[PDB]
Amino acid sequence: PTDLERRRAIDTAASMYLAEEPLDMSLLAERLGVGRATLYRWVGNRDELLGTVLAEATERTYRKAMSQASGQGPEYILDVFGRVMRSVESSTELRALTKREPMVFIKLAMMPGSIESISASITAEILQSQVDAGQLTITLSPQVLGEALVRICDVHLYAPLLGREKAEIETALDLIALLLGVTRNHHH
């Protein structure tokens, strides 16, 4: 596809996600005015397209948290992650998707793919900017630490899909702190 053809496809698929409608590839092809074969050629299967849709929504979440987060260094990184995780936890569109297709979502979110790659590359960028600002001391590359932060956190954010009671945000933050070489002094 052209960048434009793919954009129309993702934008339409994203509206279905936001409207809490399942990603019906036939409904999508009809809305685009294209055949099912043309649609597959443009975006791949339903899972590949949903991953792209969710990865773009993930980027928007991260960017908003980065502009709204306070402080510098590990305290800023902790704030961005806390904000992103709580925003994801309160998502009604995600909630509707996870209730209907938990196994598809576990795969898209917690297996290497679209969601983990954008989360890791935006985290890597956050780490590099903090190192560039003289606010963070790291021994491993931002790419290595960014991927590690995402991998350690995501199973906690999505803990109810894995058989647990609730999103384990505080535990994920404790792991980020430990990875950054800082302490979290909990009370109450």
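Position 1 is the first residue in the sequence shown; the rest follow in order.
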Between the two ranges 95-103 and 108-116, the one averaging a larger CA B factor in the entry: 95-103
query: Do the CA atoms of 149-157 or those of 22-30 have the higher mean B-factor in the entry?
result: 22-30
- request: Tell me, please, which of 55, 66, 124, 43 has the highest C-alpha B factor according to the deposited entry?
  value: 43
- prompt: Which third of the chain does residue 10 land in by C-alpha B-factor: lowest, middle or highest?
  reply: lowest
- line: Here the Cα B-factor of residue 51, set against its chain, lands in the third termed lowest
task: Grab the CA temperature factor for residue 168 from the record and place it in the lowest, middle or highest third of its chain.
output: middle
- line: So, residue 177's CA B-factor, relative to its chain, sits in which third? The lowest
